[PDB]
Amino acid sequence: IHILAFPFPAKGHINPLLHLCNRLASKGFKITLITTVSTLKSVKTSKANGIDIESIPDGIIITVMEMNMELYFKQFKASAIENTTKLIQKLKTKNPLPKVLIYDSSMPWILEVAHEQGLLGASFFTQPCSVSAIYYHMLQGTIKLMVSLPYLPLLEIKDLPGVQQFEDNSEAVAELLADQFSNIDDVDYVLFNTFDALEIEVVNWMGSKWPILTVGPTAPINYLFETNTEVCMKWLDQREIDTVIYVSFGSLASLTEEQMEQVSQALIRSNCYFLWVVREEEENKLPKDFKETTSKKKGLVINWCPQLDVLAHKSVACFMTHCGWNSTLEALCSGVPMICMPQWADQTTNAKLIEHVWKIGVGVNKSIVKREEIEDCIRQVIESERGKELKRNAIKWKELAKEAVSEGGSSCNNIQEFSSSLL
Ligand SMILES: C[C@]12CC[C@H](O)C[C@H]1CC[C@@H]1[C@@H]2CC[C@]2(C)[C@@H](c3ccc(=O)oc3)CC[C@]12O
Ligand SMILES: O=c1ccn([C@@H]2O[C@H](COP(=O)(O)OP(=O)(O)O)[C@@H](O)[C@H]2O)c(=O)[nH]1
């Protein structure tokens, strides 16, 4: 059985779908991963995973979409429709023939391409059910971007997904999030990268509307991009248990030079070891001599790391994160408590769930997040009794996540059900 997979062209969408693809390949499915030219330029390792990679034109890549998201997302959609159609037509000249297309839930219009080509369509949601619920209510018109929503904790305005941050892209971004539910009744399979025990009531409510399959964490060939694995893991192996602050703001968020200074000073004025992912295009905003000298005694500043392996390392005491869903889920499944510094979109909501529902992190308070506030949060997690509580809570969630992906677990059962439906 041949499965096609089409993530949105950004690492937080590619990676969870790649991990699901690796699970399905291990069950005997053939996988073809559809990437844009722009994504493929960053791909450095792919031989080992045995997945075919097929590229399509960019169609307009994230840096160009930011210049005008309303126009360029629509251009990206039109090219993706045309070019995935042409690619599927070519794949139909080869055995085994494609049978199903798993596509990012942010591109619901790919369902039409799947069905026009005689394929089953599976929408893959890369955000938890709790946050996806908000997008559904936005589409229904129940909410527009104190707030009560069914089966969610009471929210402050700042806990709703952040679209105002995008300024002239705000309305375009809000419409694309709500559009994820625009054809959900016509989808053949609805997949969520979450596990039931993490959000029992909202999953149960969602399941009362559509048959959904919770298949997360899809994370366990694990990386496509340069991760600097050797340098990162040898440095971590030099650290004692529970001593390293891991710091990352993900693949897209960028902090101003002013904000980077406060982070840098806060890490230095703490006396903790730290591994800080500062992407290559963001390095020039670090303080003058930070990467080359002042970070050398206690820090490793790196442009990308093997995040799953880092979070699994016993040296890591806590994760200062922007609260993207992959980073949130990977930390929870690793048992790593968090310092929440959300930037925009669903990160604000994830931070509220981390702090107040799952209780595995603390949130920073904006004044810019000043260095004293970051230092206080580090102290809360590394030293305080509250931090020991957050760690115990994280280990409890790690155990439930391990339950979910092991035989008899909810996510294992759902991946088996999806696989058997295809057979
Ligand atoms: C506007 C945006 C700001 C951050 C970066 O500079 C890139 C800009 C353009 C792209 C835009 C991001 C915002 C998050 C996305 C909607 C996010 C997304 C996409 C689909 C979806 O359903 O949910 C989130 C991925 C990246 C994103 O599409
Ligand atoms: O140094 C890094 C930083 C991040 N990641 C991965 O990049 C993704 C980040 O996704 P997330 O949802 O947390 O945030 P986004 O980048 O979409 O804002 C996740 O798969 C992380 O594991 C990584 O492999 N190495």
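Going by the deposited numbering, the letters in the sequence shown line up with residues 13 to 72, 80 to 164, 173 to 247, 266 to 412, 417 to 472, in that order.
From the three backbone atoms N, C-alpha and C, an ideal C-beta is built for every residue, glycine too.
> Can you list, in chain order, the residues of its chain whose CB lies under 6 Å from that of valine 454, leaving out five sequence neighbours each side?
Replying inline: The residue you call residue 454 lines up with position 405 of the sequence shown. Here the set comprises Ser460, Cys461.
>> Pull the bridge partners of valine 174 from the DSSP assignment, please.
In response: As a working mapping, residue 174 is identified with position 147 in the sequence shown. Partner residues in the beta bridge of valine 174, as assigned by DSSP, are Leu182.
> Within 10 angstroms of its Cβ, does residue 502 collect 16 or more other Cβ (buried), or is it exposed?
Replying inline: Given a span of 13 to 472 for the chain in the structure shown, any question on residue 502 remains unanswerable.
> Three-state secondary structure (DSSP) at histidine 14?
Replying inline: Counted from its first residue, the sequence shown places residue 14 at position 2. Residue state, collapsed to three classes: strand.
>> Let me make sure I understand the geometry here. Which of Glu285, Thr366, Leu90, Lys111 has the alpha-carbon closest to that of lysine 359?
In response: By 1-based counting over the sequence shown, the position of residue 359 is 314. Here the closest residue by C-alpha is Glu285.
>> Please determine whether the Cβ atom of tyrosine 216 lies at a distance below 7 Å from any heavy atom of ligand 2.
In response: Here residue 216 is taken as the residue at index 189 of the sequence shown, counted from 1. Every heavy atom of ligand 2 is 7 Å or more from the Cβ of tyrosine 216, so no.
> Is it the case that the CB of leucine 297 approaches a heavy atom of ligand 2 more closely than 7 Å?
Replying inline: Within the sequence shown, the letter at position 252 stands for residue 297. Yes, Cβ of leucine 297 sits closer than 7 Å to a heavy atom of ligand 2.
> For the beta strand (DSSP E) that contains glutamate 328, what are its first and last residues?
Replying inline: Start at 1 with the first residue of the sequence shown, and residue 328 comes out as number 283. Looking at the DSSP string, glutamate 328 is not in any beta strand (DSSP E), and its letter there is neither H nor E.
> Cα-Cα, which of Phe222, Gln283, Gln304, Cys317 is closest to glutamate 452?
Replying inline: Here residue 452 refers to the residue found at position 403 of the sequence shown. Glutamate 452 has its Cα closest to that of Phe222, out of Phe222, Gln283, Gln304, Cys317.
> Heavy atom of ligand 1 less than 7 Å from the Cβ of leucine 181, yes or no?
Replying inline: Counted from its first residue, the sequence shown places residue 181 at position 154. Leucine 181 Cβ: outside cutoff for every heavy atom of ligand 1.
> On the three-state DSSP scale, how would you describe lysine 39?
Replying inline: In the sequence shown, counting from the first residue as 1, residue 39 sits at position 27. Coil.
>> By the DSSP assignment, the beta strand (DSSP E) with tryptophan 321 in it spans what residues?
In response: Counted from its first residue, the sequence shown places residue 321 at position 276. From DSSP, the beta strand (DSSP E) with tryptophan 321 extends over 318 to 322.
> The beta strand (DSSP E) with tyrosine 122 in it runs from where to where?
Replying inline: For the purposes of this step, residue 122 is identified with residue 103 of the sequence shown, where counting begins at 1. Here the beta strand (DSSP E) through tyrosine 122 covers 117 to 123.
>> Going by DSSP, what residue range makes up the alpha helix (DSSP H) through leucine 203?
In response: Looking up residue 203 in the sequence shown gives position 176. Counting along the chain, the alpha helix (DSSP H) containing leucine 203 begins and ends at 197 to 205.
>> Using 8 Å for Cβ pairs, my map puts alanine 141 next to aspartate 212. What's the rounded Cβ distance?
In response: As a working note, residue 141 is residue 122 in the sequence shown. As a working note, residue 212 is residue 185 in the sequence shown. In fact, because the Cβ distance is near 14 Å, the residues do not count as touching under 8 Å.
> Sorry if obvious, but does the Cβ on residue 261 come closer than 7 Å to a heavy atom of ligand 2?
Replying inline: Within the chain, the sequence of modelled residues goes 247 then 266, so residue 261 has no position in this structure.
> Can you name, in chain order, every residue of its own chain whose Cβ lies under 8 Å from the Cβ of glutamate 66, other than the five neighbours on each side?
Replying inline: Taking the sequence shown and counting its residues from 1, the one referred to as residue 66 is at position 54. Once the five neighbours on either side are set aside, the close Cβ partners of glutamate 66 are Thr44, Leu45, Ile46, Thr47, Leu106, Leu110.
>> Between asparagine 61 and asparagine 34, how many whole angstroms is the CB-CB distance? I'm expecting something under 8 Å.
In response: In the sequence shown, the residue the question calls residue 61 occupies position 49. In the sequence shown, the residue the question calls residue 34 occupies position 22. Right, the Cβ-Cβ distance comes to about 6 Å (below 8 Å), so this counts as a contact.
> Do you know how far the Cα of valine 430 is from the Cα of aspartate 70?
Replying inline: The sequence position of residue 70 within the sequence shown is 58, counting from 1. The sequence position of residue 430 within the sequence shown is 381, counting from 1. Taking the straight line from one Cα to the other gives about 43 Å.
>> Can you look up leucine 240 in the DSSP assignment and give me helix, strand or coil?
In response: Translated into the one-based positions of the sequence shown, residue 240 becomes position 213. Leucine 240: strand per DSSP, three-state reduction.
> Can you name the start and end residues of the beta strand (DSSP E) that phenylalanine 143 belongs to?
Replying inline: Sequence index remark: in the sequence shown, residue 143 carries index 124 (1-based). It spans 139 to 144 - the beta strand (DSSP E) in which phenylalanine 143 sits, taken as one unbroken run.
> Pairing CB atoms from the segment 83 to 90 with CB atoms from the segment 187 to 200, are three or more of them under 8 Å?
Replying inline: Taking 8 Å as the limit for Cβ pairs, the verdict is that the segment 187 to 200 does touch the segment 83 to 90.
> Residues in its own chain within less than 8 Å of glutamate 434 by CB, not counting five upstream and five downstream?
Replying inline: Indexing the sequence shown from 1 puts residue 434 at position 385. Residues of the same chain with a CB within less than 8 Å of the CB of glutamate 434, apart from the 5 flanking positions on each side, do not exist.
> Should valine 150 be listed as close to ligand 1, given that the test is whether its C-beta is under 7 Å from any heavy atom?
Replying inline: Along the sequence shown, read from residue 1 onward, the residue named residue 150 stands at position 131. Checking the Cβ of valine 150 against ligand 1 gives no.
> Taking all protein chains shown into account, do 16 or more other C-beta atoms lie within 10 angstroms of the C-beta of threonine 393, making it buried, or fewer, making it exposed?
Replying inline: As a working mapping, residue 393 is identified with position 348 in the sequence shown. By the 10 Å Cβ count, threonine 393 comes out buried.
>> Excluding the 5 residues flanking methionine 233 on each side, which residues of the same chain have their C-beta closer than 6 Å to its C-beta?
In response: Start at 1 with the first residue of the sequence shown, and residue 233 comes out as number 206. Around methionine 233: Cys148, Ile239.
> Out of curiosity, what's the CA-to-CA distance linking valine 230 and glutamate 421?
Replying inline: Locating residue 230 in the sequence shown gives position 203, counting from the first residue. Locating residue 421 in the sequence shown gives position 372, counting from the first residue. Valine 230 and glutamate 421: Cα-Cα distance of roughly 39 Å.
> In three-state DSSP terms, what is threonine 288?
Replying inline: Position 243 of the sequence shown, counting from 1, holds the residue named residue 288. In this structure, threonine 288 counts as coil in the three-state DSSP scheme.
> Anyone know if the C-beta pair for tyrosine 291 and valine 346 falls short of 8 Å?
Replying inline: The residue labelled residue 291 in the question sits at position 246 within the sequence shown. The residue labelled residue 346 in the question sits at position 301 within the sequence shown. Contact: no.
> Cβ of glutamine 191 within 7 Å of any heavy atom in ligand 1?
Replying inline: Locating residue 191 in the sequence shown gives position 164, counting from the first residue. No, Cβ of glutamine 191 sits at least 7 Å from all heavy atoms of ligand 1.
> With a cut-off of 8 Å, do at least 3 Cβ pairs link the segment 376 to 395 to the segment 322 to 330?
Replying inline: no
> Which residues share a DSSP beta bridge with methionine 383?
Replying inline: Here the question's residue 383 lines up with position 338 in the sequence shown. Secondary-structure assignment with DSSP links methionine 383 through a beta bridge to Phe364, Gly406.
> Using the rule of at least 16 other Cβ atoms within 10 Å of the residue's Cβ for burial, across every protein chain shown, is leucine 472 buried or exposed?
Replying inline: Here residue 472 refers to the residue found at position 423 when the sequence shown is read from its first residue. It is exposed - the Cβ of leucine 472 has fewer than 16 other Cβ atoms within 10 Å.
> Assuming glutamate 327 and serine 299 make a contact with CB atoms under 8 Å, what is their CB distance in whole Å?
Replying inline: Working through the sequence shown from its first residue, we reach residue 327 at position 282. Working through the sequence shown from its first residue, we reach residue 299 at position 254. Yes, they are in contact, since the Cβ atoms of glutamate 327 and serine 299 sit about 6 Å apart, within 8 Å.
> Do you know whose CA, among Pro188, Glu85, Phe219, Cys277, lies nearest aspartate 354's CA?
Replying inline: Translated into the one-based positions of the sequence shown, residue 354 becomes position 309. Per the Cα distances, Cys277.
> Nearest to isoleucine 417 by alpha carbon, out of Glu432, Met386, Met365?
Replying inline: Walking along the sequence shown from the start, residue 417 turns up at place 368. For the residues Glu432, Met386, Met365, the minimum Cα distance to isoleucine 417 belongs to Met386.
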